[PDB]
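Student: One structure follows; several queries about it will come next.
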Amino acid sequence: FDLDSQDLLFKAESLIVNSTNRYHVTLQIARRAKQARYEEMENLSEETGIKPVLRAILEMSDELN
Amino acid sequence: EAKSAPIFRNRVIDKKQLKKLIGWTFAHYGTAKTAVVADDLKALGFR
Amino acid sequence: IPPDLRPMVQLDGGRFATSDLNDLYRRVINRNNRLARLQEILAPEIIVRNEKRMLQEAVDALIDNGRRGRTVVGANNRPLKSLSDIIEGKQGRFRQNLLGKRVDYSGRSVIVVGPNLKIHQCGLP
RNA sequence: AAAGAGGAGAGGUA
Ligand SMILES: Nc1ccn([C@@H]2O[C@H](COP(=O)(O)OP(=O)(O)OP(=O)(O)O)[C@@H](O)[C@H]2O)c(=O)n1
């Protein structure tokens, strides 16, 4: 695939750096992943080939732009 | 994550110099570049 | 105590397993019944005091074995386990079943060296 | 539907 784990590591590091607490951002990521999984499970099929946690990391890093 | 160029170390490299380099890399670039730098150094030393 | 915390166990083919709380409870019950029967028929008051003393010793052994006098010994010369021996030390309830536990979804195996790996990767059989 | 219960000794490996 075009998405390697190195990019996810850099994105996670960037998410950690631009915040005041690591525990708070961990909780936010967990909440977003749960919401995304529930949305997937009740409608359509979506690009299921990515875990919800990775999806949440990707959207949260893209929102930084 | 950028804007700092490495110095040319024209000397013999023992463990202390490697530790100094690792500390410098962590202090200037972050925790994601240090892993790749350590991996590259390990591969070169093994080779 | 409830009976499911002191199980009887049905191994041995024809015999049964040994539990230590049941022996102490049985001794207490036996002494109590003997004392009650002796008191009923108006026995001389030099035999009743003996039964009272043995009942006190039996209750003491049930609560905490060896704290005051002699220790109750089972088949072999090995002291029995009282109620206070279940919560006391390194093998007691607190330090064995509450601060540490066994878990599901776990494995164990020997480790070898894998080069050409990344620092965040591992190899699983 | 079913299926192991504890205890005590002796000897080993990180
Ligand atoms: N009573 C013991 C004995 C060993 N260990 C563990 O096992 C290791 C022993 O490693 P070993 O391979 O026996 O020796 P090393 O000191 O590593 O030396 P070498 O491998 O070079 O022989 C200890 O460091 C420790 O982690 C322990 O915890 N308790």
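In the structure tokens, the first chain shown is A, the next is B, and so on; residue numbers restart at 1 for each chain, and ligands run from 1 in the order shown.
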Write out as a VMD selection string the residues lying within 12 Å of residue 112 in chain C, counting only C-alpha atoms (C1' of nucleotides) and excluding same-chain residues fewer than 2 positions away.

Tutor: chain C and resid 109 to 110 114 to 115 122 to 125

Student: What are the residues of chain D that have an atom within 10 Å of an atom of chain C, counting only C-alpha atoms (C1' of nucleotides), as a PDB file with C-alpha atoms (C1' of nucleotides), in the first residue's frame?

Tutor:
ATOM      1  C1'   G D   4      -8.814 -31.347  36.048  1.00  0.00           C
ATOM      2  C1'   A D   5      -9.302 -30.285  43.259  1.00  0.00           C
ATOM      3  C1'   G D   6      -6.269 -28.994  46.699  1.00  0.00           C
ATOM      4  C1'   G D   7      -1.756 -30.087  49.505  1.00  0.00           C
ATOM      5  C1'   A D   8       3.400 -31.829  50.490  1.00  0.00           C
TER       6        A D   8
END

Student: Residues within 7 Å of range 54-56 of chain A, please, as a list in words. Count only C-alpha atoms (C1' of nucleotides); anything in the same chain fewer than 2 positions from it doesn't count.

Tutor: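 Listing them by chain and then by number gives residues 29, 32, 33, 50, 51, 52, 58, 59 and 60 of chain A.
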
Student: What's the 12 Å shell around residue 62 in chain A, counting only C-alpha atoms (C1' of nucleotides), without same-chain residues fewer than 5 positions away, as a PyMOL selection string?

Tutor: chain A and resi 8+11-12+14-15+55-57

Student: Quick one: which residues from chain B are at most 10 Å off chain A, using only C-alpha atoms, as a ChimeraX atom specification?

Tutor: /B:30-33,36

Student: Restricting it to C-alpha atoms, dump the selection as a PDB file, in the first residue's frame.

Tutor:
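Result file out13.pdb:
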ATOM      1  CA  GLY B  30      12.609  15.048  17.553  1.00  0.00           C
ATOM      2  CA  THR B  31      11.796  11.490  18.566  1.00  0.00           C
ATOM      3  CA  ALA B  32      10.891  10.247  15.070  1.00  0.00           C
ATOM      4  CA  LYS B  33      14.193  10.983  13.301  1.00  0.00           C
ATOM      5  CA  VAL B  36      15.805   6.047  11.763  1.00  0.00           C
TER       6      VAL B  36
END

Student: For range 5-19 of chain B, find every residue with an atom within 12 Å (counting only C-alpha atoms (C1' of nucleotides)), except residues of its own chain fewer than 6 positions away, and show them as a ChimeraX atom specification.

Tutor: /B:25-26,28-29,34,37-38,41-42,45

Student: Rounded to one decimal in Å, what is the spacing between CA of residue 39 in chain C and CA of residue 57 in chain C?

Tutor: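 If I compute the distance from CA of residue 39 in chain C to CA of residue 57 in chain C, I get 18.6 Å.
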
Student: I need the residues in chain C that are helix (DSSP H, G or I) according to DSSP; give them as a PyMOL selection string.

Tutor: chain C and resi 3-5+20-40+48-63+84-86+93-98

Student: Output as a PDB file with N, CA, C and O atoms, in the first residue's frame the set of chain C residues within 12 Å of chain A, with distances taken over only C-alpha atoms.

Tutor:
ATOM      1  N   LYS C 118      12.513  -3.395  11.830  1.00  0.00           N
ATOM      2  CA  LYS C 118      12.380  -2.012  12.257  1.00  0.00           C
ATOM      3  C   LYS C 118      12.189  -1.963  13.767  1.00  0.00           C
ATOM      4  O   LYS C 118      11.774  -2.938  14.396  1.00  0.00           O
ATOM      5  N   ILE C 119      12.503  -0.803  14.348  1.00  0.00           N
ATOM      6  CA  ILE C 119      12.553  -0.693  15.801  1.00  0.00           C
ATOM      7  C   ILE C 119      11.178  -0.822  16.443  1.00  0.00           C
ATOM      8  O   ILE C 119      11.085  -1.018  17.659  1.00  0.00           O
ATOM      9  N   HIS C 120      10.105  -0.725  15.661  1.00  0.00           N
ATOM     10  CA  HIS C 120       8.748  -0.863  16.172  1.00  0.00           C
ATOM     11  C   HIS C 120       8.109  -2.195  15.799  1.00  0.00           C
ATOM     12  O   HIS C 120       6.894  -2.348  15.949  1.00  0.00           O
ATOM     13  N   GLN C 121       8.891  -3.160  15.323  1.00  0.00           N
ATOM     14  CA  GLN C 121       8.361  -4.404  14.789  1.00  0.00           C
ATOM     15  C   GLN C 121       8.849  -5.595  15.600  1.00  0.00           C
ATOM     16  O   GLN C 121       9.901  -5.544  16.245  1.00  0.00           O
TER      17      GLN C 121
END

Student: What is the distance between CA of residue 32 in chain C and CA of residue 55 in chain C, in Å to one decimal?

Tutor: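 According to the coordinates, CA of residue 32 in chain C and CA of residue 55 in chain C are separated by 6.7 Å.
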